[PDB]
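Atom set for the values below is all heavy atoms of this structure, side chains included, hydrogens, waters and symmetry mates excluded. Every chain is numbered from 1, with letters handed out A, B, ... down the list of sequences.
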Amino acid sequence: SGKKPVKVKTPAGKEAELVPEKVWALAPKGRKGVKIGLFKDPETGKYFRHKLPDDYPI
DNA sequence: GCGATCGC
DNA sequence: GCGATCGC
C-alpha cells in the first residue's frame, strides 16, 4: 500500500489527489518501465490504474 | 510485446 | 483469465 497522495486524473474525468491502495513497478528486463498505482475513484467507487511519479516509493 | 497486479 | 495501466 501507498502513503502519500498522487495527482490523478480519474476515469470520470476529474483531477483528484488520491492515496493508491497498491503500488508496484511495471518494467521489462533491461528497461526502466514505470510505477503503477491501483486507485479507487471516490465518486463512482470504481478502481483504476494510473502511472505514479518516478520517485514514488514502492 | 514486455513487465505486475487484481477487480471484474 | 483478462483489461488496462506506460514507455521503450
Side-chain angles (χ1 to χ4, degrees):
Chain A
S1 27
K3 287 157 81 283
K4 52 187 98 167
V6 183
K7 307 258 193 182
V8 135
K9 193 135 72 170
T10 66
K14 284 176 83 83
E15 297 292 344
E17 276 244 288
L18 305 169
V19 38
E21 308 196 351
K22 306 280 178 71
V23 305
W24 67 98
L26 178 60
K29 292 162 198 181
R31 310 172 191 197
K32 197 191 181 155
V34 286
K35 287 165 177 192
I36 299 297
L38 175 66
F39 295 86
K40 199 174 200 178
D41 195 336
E43 286 191 5
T44 65
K46 289 191 95 293
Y47 289 85
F48 64 101
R49 285 163 175 79
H50 192 104
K51 195 205 164 148
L52 300 176
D54 292 334
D55 66 356
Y56 199 95
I58 301 314

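Residues that satisfy the side chain to side chain contact (heavy atoms under 4.5 Å, CB included) test with A/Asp54, not counting sequence neighbours, are A/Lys32, A/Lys51.
Sugar conformation, B/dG3: north. The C1'-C2'-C3'-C4' torsion carries a positive sign.
Residues from residues 2-17 of chain A with heavy atoms under 4.0 angstrom of DNA chain C: there are none.
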Per-pair distances, 0.1 Å, donor-acceptor, side chain in residues 37-49 of chain A, under 3.5 Å, sequence neighbours excluded:
from    : atom 1 : to      : atom 2 : distance (Å)
A/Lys40 : NZ     : A/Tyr47 : OH     : 3.4
A/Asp41 : OD1    : A/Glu43 : N      : 3.4
A/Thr44 : OG1    : A/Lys46 : N      : 3.4

Considering only distance and modelled atom types, tabulate donor-acceptor pairs under 3.5 Å from the side chains of residues 2-29 of chain A, sequence neighbours left out.
from    : atom 1 : to      : atom 2 : distance (Å)
A/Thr10 : OG1    : A/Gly13 : N      : 3.3
A/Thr10 : OG1    : A/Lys14 : N      : 3.0
A/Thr10 : OG1    : A/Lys14 : O      : 3.2

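Both conditions, centre separation below 5.5 angstrom and plane angle below 30 degrees, hold for the six-membered rings of B/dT5 and B/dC6. Judged by ring-centre distance under 5.5 Å and interplanar angle under 30°, strand neighbours B/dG3 and B/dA4 are not stacked.
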- Task: Using a 4.0 Å heavy-atom cut-off, write out nucleotides 2-8 of chain B from 5' to 3' as B (base contacted by protein), S (sugar-phosphate only) or - (no contact).
- Result: BBBBBS-

